[PDB]
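Okay, my_file18.pdb now, which holds PDB, C-alpha atoms (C1' of nucleotides):
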ATOM      1  CA  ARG A 393     114.966  51.381   2.381  1.00  0.00           C
ATOM      2  CA  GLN A 394     113.311  48.829   0.078  1.00  0.00           C
ATOM      3  CA  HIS A 395     109.631  48.401   0.977  1.00  0.00           C
ATOM      4  CA  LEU A 396     107.199  48.975   3.837  1.00  0.00           C
ATOM      5  CA  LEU A 397     104.624  46.172   4.149  1.00  0.00           C
ATOM      6  CA  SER A 398     107.401  43.884   5.408  1.00  0.00           C
ATOM      7  CA  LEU A 399     109.344  46.686   7.106  1.00  0.00           C
ATOM      8  CA  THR A 400     108.586  46.540  10.822  1.00  0.00           C
ATOM      9  CA  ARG A 401     107.381  49.378  13.053  1.00  0.00           C
ATOM     10  CA  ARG A 402     110.858  50.698  13.827  1.00  0.00           C
ATOM     11  CA  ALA A 403     112.321  49.724  10.450  1.00  0.00           C
ATOM     12  CA  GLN A 404     109.762  52.046   8.881  1.00  0.00           C
ATOM     13  CA  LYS A 405     110.644  54.489  11.661  1.00  0.00           C
ATOM     14  CA  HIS A 406     114.270  54.634  10.536  1.00  0.00           C
ATOM     15  CA  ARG A 407     113.106  54.685   6.912  1.00  0.00           C
ATOM     16  CA  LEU A 408     111.060  57.915   7.352  1.00  0.00           C
ATOM     17  CA  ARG A 409     112.862  59.494  10.336  1.00  0.00           C
ATOM     18  CA  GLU A 410     113.351  62.671   8.328  1.00  0.00           C
ATOM     19  CA  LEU A 411     109.770  62.586   7.057  1.00  0.00           C
ATOM     20  CA  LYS A 412     108.729  62.513  10.710  1.00  0.00           C
ATOM     21  CA  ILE A 413     111.150  65.334  11.541  1.00  0.00           C
ATOM     22  CA  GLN A 414     109.800  67.718   8.909  1.00  0.00           C
ATOM     23  CA  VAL A 415     106.157  66.838   9.476  1.00  0.00           C
ATOM     24  CA  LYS A 416     106.299  67.213  13.260  1.00  0.00           C
ATOM     25  CA  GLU A 417     108.155  70.528  13.111  1.00  0.00           C
ATOM     26  CA  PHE A 418     105.898  72.057  10.451  1.00  0.00           C
ATOM     27  CA  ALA A 419     102.789  70.772  12.229  1.00  0.00           C
ATOM     28  CA  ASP A 420     103.539  71.875  15.771  1.00  0.00           C
ATOM     29  CA  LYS A 421     104.678  75.285  14.514  1.00  0.00           C
ATOM     30  CA  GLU A 422     101.813  75.949  12.072  1.00  0.00           C
ATOM     31  CA  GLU A 423      98.746  74.417  13.759  1.00  0.00           C
ATOM     32  CA  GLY A 424      99.847  75.593  17.213  1.00  0.00           C
ATOM     33  CA  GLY A 425     100.947  72.325  18.785  1.00  0.00           C
ATOM     34  CA  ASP A 426      99.113  69.611  16.855  1.00  0.00           C
ATOM     35  CA  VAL A 427     100.035  66.645  14.659  1.00  0.00           C
ATOM     36  CA  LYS A 428      96.857  64.511  14.611  1.00  0.00           C
ATOM     37  CA  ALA A 429      94.818  66.631  12.198  1.00  0.00           C
ATOM     38  CA  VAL A 430      97.722  67.360   9.861  1.00  0.00           C
ATOM     39  CA  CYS A 431      98.821  63.742   9.481  1.00  0.00           C
ATOM     40  CA  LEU A 432      95.146  62.804   9.150  1.00  0.00           C
ATOM     41  CA  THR A 433      94.553  65.182   6.245  1.00  0.00           C
ATOM     42  CA  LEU A 434      97.950  64.241   4.802  1.00  0.00           C
ATOM     43  CA  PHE A 435      96.986  60.576   4.565  1.00  0.00           C
ATOM     44  CA  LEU A 436      93.503  61.497   3.321  1.00  0.00           C
ATOM     45  CA  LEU A 437      95.024  63.513   0.476  1.00  0.00           C
ATOM     46  CA  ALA A 438      97.754  61.005  -0.369  1.00  0.00           C
ATOM     47  CA  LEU A 439      95.158  58.237  -0.605  1.00  0.00           C
ATOM     48  CA  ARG A 440      92.517  60.398  -2.332  1.00  0.00           C
ATOM     49  CA  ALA A 441      95.026  61.100  -5.095  1.00  0.00           C
ATOM     50  CA  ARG A 442      93.761  57.667  -6.168  1.00  0.00           C
ATOM     51  CA  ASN A 443      90.102  58.873  -5.938  1.00  0.00           C
ATOM     52  CA  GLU A 444      89.083  56.419  -3.230  1.00  0.00           C
ATOM     53  CA  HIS A 445      86.415  58.554  -1.553  1.00  0.00           C
ATOM     54  CA  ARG A 446      84.944  55.286  -0.264  1.00  0.00           C
ATOM     55  CA  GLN A 447      87.941  54.686   2.005  1.00  0.00           C
ATOM     56  CA  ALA A 448      88.260  58.432   2.575  1.00  0.00           C
ATOM     57  CA  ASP A 449      84.698  58.608   3.901  1.00  0.00           C
ATOM     58  CA  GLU A 450      85.191  55.428   5.931  1.00  0.00           C
ATOM     59  CA  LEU A 451      88.286  56.874   7.588  1.00  0.00           C
ATOM     60  CA  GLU A 452      86.560  60.199   8.228  1.00  0.00           C
ATOM     61  CA  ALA A 453      83.739  58.193   9.803  1.00  0.00           C
ATOM     62  CA  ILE A 454      86.053  56.287  12.130  1.00  0.00           C
ATOM     63  CA  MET A 455      87.588  59.662  12.985  1.00  0.00           C
ATOM     64  CA  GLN A 456      84.029  60.907  13.632  1.00  0.00           C
ATOM     65  CA  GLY A 457      83.087  57.923  15.808  1.00  0.00           C
ATOM     66  CA  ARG A 458      80.440  56.422  13.523  1.00  0.00           C
ATOM     67  CA  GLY A 459      80.922  53.015  11.936  1.00  0.00           C
ATOM     68  CA  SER A 460      82.135  49.585  13.066  1.00  0.00           C
ATOM     69  CA  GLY A 461      82.940  51.182  16.406  1.00  0.00           C
ATOM     70  CA  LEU A 462      79.927  50.820  18.707  1.00  0.00           C
ATOM     71  CA  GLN A 463      80.449  53.764  21.067  1.00  0.00           C
ATOM     72  CA  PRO A 464      80.361  52.491  24.665  1.00  0.00           C
ATOM     73  CA  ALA A 465      76.791  53.625  25.298  1.00  0.00           C
ATOM     74  CA  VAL A 466      75.685  51.379  22.431  1.00  0.00           C
ATOM     75  CA  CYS A 467      77.490  48.299  23.720  1.00  0.00           C
ATOM     76  CA  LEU A 468      76.101  49.065  27.166  1.00  0.00           C
ATOM     77  CA  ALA A 469      72.608  49.197  25.687  1.00  0.00           C
ATOM     78  CA  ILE A 470      73.168  45.814  24.061  1.00  0.00           C
ATOM     79  CA  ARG A 471      74.556  44.223  27.217  1.00  0.00           C
ATOM     80  CA  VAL A 472      71.676  45.550  29.317  1.00  0.00           C
ATOM     81  CA  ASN A 473      68.771  44.827  26.974  1.00  0.00           C
TER      82      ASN A 473
ATOM     83  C1'  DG B   1      11.542  28.694  84.681  1.00  0.00           C
ATOM     84  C1'  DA B   2      12.146  31.553  80.435  1.00  0.00           C
ATOM     85  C1'  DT B   3      14.094  34.421  77.730  1.00  0.00           C
ATOM     86  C1'  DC B   4      17.816  37.526  76.392  1.00  0.00           C
ATOM     87  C1'  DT B   5      22.050  38.227  74.901  1.00  0.00           C
ATOM     88  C1'  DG B   6      26.728  37.536  73.923  1.00  0.00           C
ATOM     89  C1'  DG B   7      30.429  34.645  72.254  1.00  0.00           C
ATOM     90  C1'  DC B   8      32.197  31.249  68.840  1.00  0.00           C
ATOM     91  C1'  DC B   9      31.564  29.040  64.220  1.00  0.00           C
ATOM     92  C1'  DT B  10      31.238  28.839  59.853  1.00  0.00           C
ATOM     93  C1'  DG B  11      29.838  31.072  55.495  1.00  0.00           C
ATOM     94  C1'  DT B  12      29.820  34.246  52.078  1.00  0.00           C
ATOM     95  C1'  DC B  13      32.085  38.168  49.962  1.00  0.00           C
ATOM     96  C1'  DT B  14      35.860  41.945  49.123  1.00  0.00           C
ATOM     97  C1'  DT B  15      40.414  42.990  47.520  1.00  0.00           C
ATOM     98  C1'  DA B  16      44.366  40.824  46.329  1.00  0.00           C
ATOM     99  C1'  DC B  17      48.669  36.755  44.994  1.00  0.00           C
ATOM    100  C1'  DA B  18      52.738  34.019  39.286  1.00  0.00           C
ATOM    101  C1'  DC B  19      51.798  34.422  30.674  1.00  0.00           C
ATOM    102  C1'  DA B  20      55.044  36.689  27.727  1.00  0.00           C
ATOM    103  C1'  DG B  21      58.867  33.924  26.148  1.00  0.00           C
ATOM    104  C1'  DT B  22      60.734  29.542  23.447  1.00  0.00           C
ATOM    105  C1'  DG B  23      62.165  27.700  19.047  1.00  0.00           C
ATOM    106  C1'  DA B  24      60.111  26.716  14.966  1.00  0.00           C
ATOM    107  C1'  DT B  25      57.588  27.583  10.459  1.00  0.00           C
ATOM    108  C1'  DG B  26      56.076  30.405   6.493  1.00  0.00           C
ATOM    109  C1'  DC B  27      55.164  33.798   3.251  1.00  0.00           C
ATOM    110  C1'  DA B  28      56.315  39.050   1.376  1.00  0.00           C
ATOM    111  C1'  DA B  29      59.853  42.052   0.265  1.00  0.00           C
ATOM    112  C1'  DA B  30      64.414  42.997  -1.080  1.00  0.00           C
ATOM    113  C1'  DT B  31      68.433  42.186  -3.698  1.00  0.00           C
ATOM    114  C1'  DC B  32      71.205  40.758  -6.775  1.00  0.00           C
ATOM    115  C1'  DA B  33      73.294  38.474 -10.321  1.00  0.00           C
ATOM    116  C1'  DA B  34      74.982  39.073 -14.605  1.00  0.00           C
ATOM    117  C1'  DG B  35      75.418  41.093 -18.720  1.00  0.00           C
ATOM    118  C1'  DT B  36      78.022  46.898 -21.523  1.00  0.00           C
ATOM    119  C1'  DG B  37      78.230  51.251 -22.601  1.00  0.00           C
ATOM    120  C1'  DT B  38      76.925  55.547 -20.892  1.00  0.00           C
ATOM    121  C1'  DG B  39      77.279  60.053 -18.099  1.00  0.00           C
ATOM    122  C1'  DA B  40      77.618  62.400 -13.348  1.00  0.00           C
ATOM    123  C1'  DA B  41      80.168  63.860  -9.045  1.00  0.00           C
ATOM    124  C1'  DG B  42      84.082  64.946  -7.764  1.00  0.00           C
ATOM    125  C1'  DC B  43      89.886  65.150  -8.888  1.00  0.00           C
ATOM    126  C1'  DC B  44      93.458  68.097  -9.638  1.00  0.00           C
ATOM    127  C1'  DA B  45      95.831  71.256 -13.262  1.00  0.00           C
ATOM    128  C1'  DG B  46      99.460  76.458 -11.126  1.00  0.00           C
ATOM    129  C1'  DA B  47      97.758  80.421 -11.019  1.00  0.00           C
ATOM    130  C1'  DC B  48      93.981  84.044 -10.691  1.00  0.00           C
ATOM    131  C1'  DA B  49      89.889  86.875  -8.923  1.00  0.00           C
ATOM    132  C1'  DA B  50      85.144  88.174  -5.682  1.00  0.00           C
ATOM    133  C1'  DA B  51      83.499  87.460  -0.187  1.00  0.00           C
ATOM    134  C1'  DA B  52      83.447  86.429   5.681  1.00  0.00           C
ATOM    135  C1'  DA B  53      86.339  87.334  10.016  1.00  0.00           C
ATOM    136  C1'  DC B  54      89.036  90.458  12.157  1.00  0.00           C
ATOM    137  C1'  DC B  55      93.606  94.243  12.247  1.00  0.00           C
ATOM    138  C1'  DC B  56      94.351  98.726  11.872  1.00  0.00           C
ATOM    139  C1'  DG B  57      95.267 103.838  10.594  1.00  0.00           C
TER     140       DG B  57
END

In structure tokens, how does this file's structure come out?
Amino acid sequence: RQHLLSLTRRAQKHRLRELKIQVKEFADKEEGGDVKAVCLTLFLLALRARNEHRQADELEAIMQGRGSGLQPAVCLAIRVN
DNA sequence: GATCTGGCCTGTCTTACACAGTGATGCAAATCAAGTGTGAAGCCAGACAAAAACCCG
């Protein structure tokens, strides 16, 4: 009810229960059973309102499996060679 | 007896059998560290007007 960095996982849960309600219903009725992409783009927009295309591109990269992730074939290459 | 020949003995000669990987130095290239005011690529403005993909008489 006060802040969120100190509010725990379920404290935040009870804080935005109704946020979750609306977002899940709208998502799984509009995108035909999906919440990942809609919450993804929601956070992208709500952070890009502060024109932080650096973090936007970084998050789109981690969603695209390229950057600070080392896809398992790469780590396997390193362990072998 | 005298010699022939065949067997064994070395004796050379042929191909082959394990070196790139270690930690160190040492130069060349990159960057980067400030200065300070720029413009440029998007941001987003609620609301409005020309195209691709597919429904529809």

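Atom pair CA of residue 412 in chain A / CA of residue 431 in chain A has a distance of 10.1 Å (rounded to one decimal).
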
Item to check | chain B residues near chain A (12 Å cut-off, all atoms listed in the file) as an NGL selection string | outcome: :B and (41-44)

Next on the checklist: Please list, as a PyMOL selection string, the residues that have an atom at most 12 Å away from (92.2, 68.9, 12.6) in the coordinates of this file, counting all atoms listed in the file.
Outcome noted: chain A and resi 419+422-434+436+452+455-456

Determine the axis-aligned bounding box of all atoms of range 36-41 of chain B present in the file, pad each side by 5 Å, and express its centre and edge lengths in Å to one decimal place as AutoDock Vina command-line options.
--center_x 78.5 --center_y 55.4 --center_z -15.8 --size_x 13.2 --size_y 27.0 --size_z 23.6

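Computed from the coordinates, the CA of residue 415 in chain A to CA of residue 447 in chain A distance equals 23.1 Å.
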
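Rounded to one decimal, CA of residue 453 in chain A and CA of residue 435 in chain A lie 14.4 Å from each other.
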